[PDB]
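To keep things clear, I will list the structure first and then write my remarks on it.
Number of protein chains: 4
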Amino acid sequence: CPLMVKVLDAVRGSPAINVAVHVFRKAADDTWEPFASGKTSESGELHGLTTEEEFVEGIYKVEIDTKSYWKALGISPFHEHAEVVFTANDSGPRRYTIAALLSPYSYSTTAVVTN
Amino acid sequence: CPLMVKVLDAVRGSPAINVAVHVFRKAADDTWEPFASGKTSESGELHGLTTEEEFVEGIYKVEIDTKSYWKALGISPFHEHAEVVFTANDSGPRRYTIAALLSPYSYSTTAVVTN
Amino acid sequence: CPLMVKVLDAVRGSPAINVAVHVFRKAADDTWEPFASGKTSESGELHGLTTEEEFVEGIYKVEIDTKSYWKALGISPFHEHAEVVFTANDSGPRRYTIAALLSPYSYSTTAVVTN
Amino acid sequence: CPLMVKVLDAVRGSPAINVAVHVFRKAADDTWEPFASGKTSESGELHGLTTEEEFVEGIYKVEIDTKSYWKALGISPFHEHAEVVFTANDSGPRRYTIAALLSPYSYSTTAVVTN
Ligand SMILES: O=C(c1ccccc1)c1ccc2c3c(cccc13)C(=O)N(O)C2=O
Ligand SMILES: O=C(c1ccccc1)c1ccc2c3c(cccc13)C(=O)N(O)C2=O
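Protein sequence lines correspond, in order, to chains A, B, B' and A'. A prime marks a further copy of an entry chain. Each residue of the first sequence is one higher than the one before, counting from 10 in PDB author numbering. Each residue of the second sequence is one higher than the one before, counting from 10 in PDB author numbering. Each residue of the third sequence is one higher than the one before, counting from 10 in PDB author numbering. Each residue of the fourth sequence is one higher than the one before, counting from 10 in PDB author numbering.
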């Protein structure tokens, strides 16, 4: 897949399993169109969101439902979600791994982009 | 102020200066209503966004224009911006510091919430 | 002070208070010579470690006792400590802020170096 | 392997390739004994450091030579290295992934521990 999302839990030192992830693409009218969604697996990874032909140039938003993840563990976290917004494929097709490392009052996100 | 934003640059080891920050409150119709904005100071800090009276309970979005910052430095960035979305004051008024540490392909954000 | 250390807790969204910090200078024989130490304040900050005269060029180690902090909170940690090792003042005296953001299984450290 | 190290570059959004990594184990006399070493591959991963039978309980230090990585890219970074120190296998054998995300003036490190 040209787009993979990986989510880790910095409290438990584990993959963050069953985290909902929604992907949107900015349409010509500037609205966010639903693009793909899924949940992280037991390895904290979400594969198969899209294909090379569907994943054309554009601005994409990945929204990771971090609040439901923490709430299910009993925690009332700070953030409603973790959103990552980015222009994709501007210089031709690339493969993107969007990684997120989650704590109740902090998160980090990183992209690894390969050709 | 009950809300302060602080932005750091992990490439130069410095405050991130003159970074545009916009704050929104979620409206009854789920749209984002612009509320306050500013540019970070020489210390990477943005003070005076709001007041205790005005900063009522609700869902808030802080959008940090990370792409303009990296463009100003001649460095290719990944993200269009860094967004932080949170519910405020759920258990009473708090002082919020939203800190963001920026790299071209990664950012982290942390909330320091004090009483 | 030319050297300040600031520690934040990503689980509680707070300064990390009463965290032990030890600073060492590398000796001619490659051993670590203890130099200064302290505990972070209510703001997570440790000031007054050293002075401009004393803080000459050299390699310095800051060891943050993250394991004691997490043990005090009843939370199982991964690391024995967080170490930060750096060469100081290579291009002249600077003011260094060493910031660390702590989670039980992850930490980040950043230097803010100003003139 | 029960111990894997993965290193990423937050400036370029890429694996950090050919990074030297040295692992030490604390001996009964409290000294650091060399345990294993290697370099990250094209995927920024270092596999094969040890075996399940060799990787007994103990305190381990992983030193990642982040300074040589940056210097080879023309950058004079803040840190001399990134060190991660941890007790392993205290509650029986586990598999450890030590991940490090590198910027010139910042790094983060995370452990994913699985059973
Ligand atoms: O988020 C921070 C951080 C991110 C990665 C590593 C270490 C600290 C951070 C860095 C520096 C400061 C702060 C603060 C609050 C919350 C986070 C940080 C803060 O109040 N101040 O003054 C910092 O300098
Ligand atoms: O973002 C990561 C990170 C966050 C904080 C500290 C160290 C690494 C991170 C952790 C683990 C993995 C990855 C990956 C890509 C990008 C970032 C990470 C990745 O591909 N894999 O396999 C990781 O395990």
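C-beta: ideal position from N, C-alpha, C; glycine also.
Distance between residue 89 of chain B' and residue 112 of chain A', taken at the CA atoms: about 23 angstroms. Assignment of residue 114 of chain B by DSSP, reduced to helix, strand and coil, places it in the coil class. Per DSSP, residue 96 of chain B' is not a residue of any alpha helix (DSSP H); the beta strand (DSSP E) it occupies stretches across 91-97. Taking the beta carbon of residue 78 of chain B as reference, no residue of chain A falls within 9 angstroms; the closest one sits roughly 15 angstroms away. At a threshold of 7 angstroms, residue 121 of chain A counts as near ligand 2, since its beta carbon sits closer than that to one of the ligand's heavy atoms.
For residue 108 of chain B, the CB falls within less than 7 angstroms of some heavy atom of ligand 1. Three or more beta-carbon pairs separated by less than 8 angstroms link the segment 93-110 of chain A to the segment 71-78 of chain A, which places the two stretches in contact. Straight through space, the alpha carbons of residue 15 of chain B and residue 12 of chain B' are spaced by roughly 20 angstroms. When the Cα atoms are used, residue 105 of chain A and residue 47 of chain A turn out to be separated by approximately 16 angstroms.
The beta carbons of residue 49 of chain B and residue 30 of chain B sit closer together than 8 angstroms. Counted as a single uninterrupted DSSP element, the beta strand (DSSP E) harbouring residue 45 of chain A' occupies residues 41-48. DSSP places residue 23 of chain A in the strand class (E or B) of the three-state scheme. Looking at the DSSP output, residue 12 of chain A shares a beta bridge with A/105.
For the segment 64-98 of chain A', the set of residues with a beta-carbon nearer than 7 angstroms to any beta-carbon of chain B comprises 87, in chain order. Contact with chain A' is found for residue 22 of chain B, since one of that chain's Cβ atoms lies less than 8 angstroms from the residue's Cβ. Under the DSSP assignment, residue 29 of chain A' falls in the beta strand (DSSP E) whose first and last residues are 29-35. At a cut-off of 8 angstroms between beta-carbon atoms, residue 114 of chain B' makes contact with chain A. With 16 or more other Cβ atoms inside 10 Å of its own Cβ, residue 18 of chain A counts as buried.
The beta carbon of residue 110 of chain A sits closer than 8 angstroms to some beta carbon of chain B'.
Annotation: the continuous beta strand (DSSP E) that includes residue 67 of chain B extends over 67-73. Residue pairing by DSSP places residue 51 of chain A' in no beta bridge whatsoever. With a threshold of 16 other beta carbon atoms within 10 Å, residue 80 of chain A' falls short and is exposed. Within chain B, 115, 116 have C-beta atoms less than 7 angstroms from the C-beta of residue 118 of chain A, given in sequence order. The beta carbon of residue 19 of chain B' sits closer than 8 angstroms to some beta carbon of chain A. Of the residues A/67, A/21, A/54, the one whose Cα lies closest to the Cα of residue 36 of chain A is A/67.
About 5 angstroms separates the beta carbon of residue 32 of chain A' from that of residue 71 of chain A', a gap short enough to meet the 8 angstroms contact definition. Nearest to residue 85 of chain A by C-alpha distance, out of B/97, B/87, B/82, is B/97. If the five residues before and after residue 41 of chain B' are omitted, its C-beta is found closer than 7 angstroms to the C-beta atoms of 33, 35, 70, all from its own chain and listed in chain order. In this structure, the alpha-carbon of residue 52 of chain B lies about 14 angstroms from that of residue 21 of chain B.
Assignment of beta-bridge partners to residue 88 of chain B by DSSP yields A/95. According to DSSP, residue 120 of chain B shares a beta bridge with B/107. For residue 55 of chain A', the closest alpha carbon among the candidates A'/64, A'/62, A'/63, A'/45 is that of A'/45.
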